[PDB]
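Only one chain is shown below, in structure tokens, and it's the form deposited in one PDB entry.
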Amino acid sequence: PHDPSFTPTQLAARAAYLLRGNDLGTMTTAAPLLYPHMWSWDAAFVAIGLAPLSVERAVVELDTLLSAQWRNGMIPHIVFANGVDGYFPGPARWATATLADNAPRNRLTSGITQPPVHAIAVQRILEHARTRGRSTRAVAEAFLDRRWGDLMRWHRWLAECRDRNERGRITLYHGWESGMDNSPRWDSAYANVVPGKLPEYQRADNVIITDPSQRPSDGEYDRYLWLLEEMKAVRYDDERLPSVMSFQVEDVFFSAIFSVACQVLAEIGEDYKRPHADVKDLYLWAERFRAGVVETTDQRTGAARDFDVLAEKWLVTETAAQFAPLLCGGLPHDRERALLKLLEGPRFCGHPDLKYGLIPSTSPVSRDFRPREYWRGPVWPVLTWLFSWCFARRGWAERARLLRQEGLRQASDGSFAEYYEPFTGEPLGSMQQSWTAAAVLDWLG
């Protein structure tokens, strides 16, 4: 009672206990009840969390996700578990099995995508496997043999179909594809989404998380579900989405993640003697999306802007996505120093009221800030992990260390919360969130 925190070994043990408890067999749910299916960028982080425990099972997680990849290369953001209820929109609402020519056979999936963090998970699996000896290296190398082509098709689909004009930024047709559902980034684009006759429905998410301050509103869900109707009406056809979708944004954070993932996968390709044409393409996309991210940036602070394709307007908001260029590099030296000063100062990690020195999803000084409300304020362990790993890859060893130290202190309550209140540290969202346990497992070493 005097201190409810766990020791590092207790916390590592509890994190692994959680991850195995969320394992259905060949896929791990993103949470026990709120997200009782496989999500795409959660599955990448689950593979990272499993890599210290079982390289074999980490590989199985990515194999299961890639078995659900669409014919055109798209990795969908949900792979539904057989016979599992409690989540809306479920398979019947997406109707991809009926409508989508490119949907997989004998997997049920959603019809939209999510960020390409998967190459980062492959790198972590390979790094663990190389420390474990010959039969474990064999498992990881066989996975590359089996799935290199699928990973290439995934990156190629993003580069060719969501960057049709070769601008070096990824277009999204749903805010859910950003992974930051209700981020202030998307409010002005969502204001221009006007539902027609929306088939009636009842939410499931707020039966599980009943505190309305922690989840998006009914009005937001109506817009989320209407965008599904627009996609269904064109049978999820990539060629038709630009003509019909009421939501078309370039997501600069997704773009920077893609730049990093292309560079990571290219290095893997060189190391494991994959086809040279693939490696060349990966390095070309890495630089294209780095340049595309940098082109969005504020001339004074270096902050990255999203772009509303329909309104033809830069989207200026004060969220963690502004720090996209720190992930992929490319800023002039002087502007990157400015951007780091913004990150470390009183609008973000240096805000005086924060319990931990961590990055809030929205700046506490922004008028959009809401300290409990999903992506409008709370501190997300998954983002702490991504920033710390990317910062270490920039060579910023001490910055990465500080994020990991603060992230472990926050996570030491053992709640493995989805997100945390930035001022009080109260755990929010789902407890026992898989990618929060995965962050801890990767950090503790």
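Superpose the two forms; the largest set of C-alphas matching within 1.5 Å is the rigid core. Just count from 1 along the sequence shown to find any residue number.
This protein has a second form, the form deposited in another entry, left out of what is shown; the following refers to that one.
Residue shifts between this form and the one not shown, rigid core superposed: of 221, 283, 369, 148, the only C-alpha displaced by 2 Å or more belongs to 221. In the core-superposed comparison between this form and the one not shown, the C-alpha atom of residue 352 has shifted by less than 2 angstroms. Taking the rigid core as fixed, one finds a CA shift for residue 211 of 2 Å or more between this form and the one not shown. For residue 86, the Cα coordinates differ by 2 angstroms or more between this form and the one not shown after the core has been superposed. Inter-residue distance, residue 306 to residue 214 (Cα): reduced by at least 3 Å in that other deposited form versus the depicted form.
Between residue 210 and residue 190, the C-alpha separation shrinks by 3 Å or more in that other deposited form, relative to the conformation displayed.
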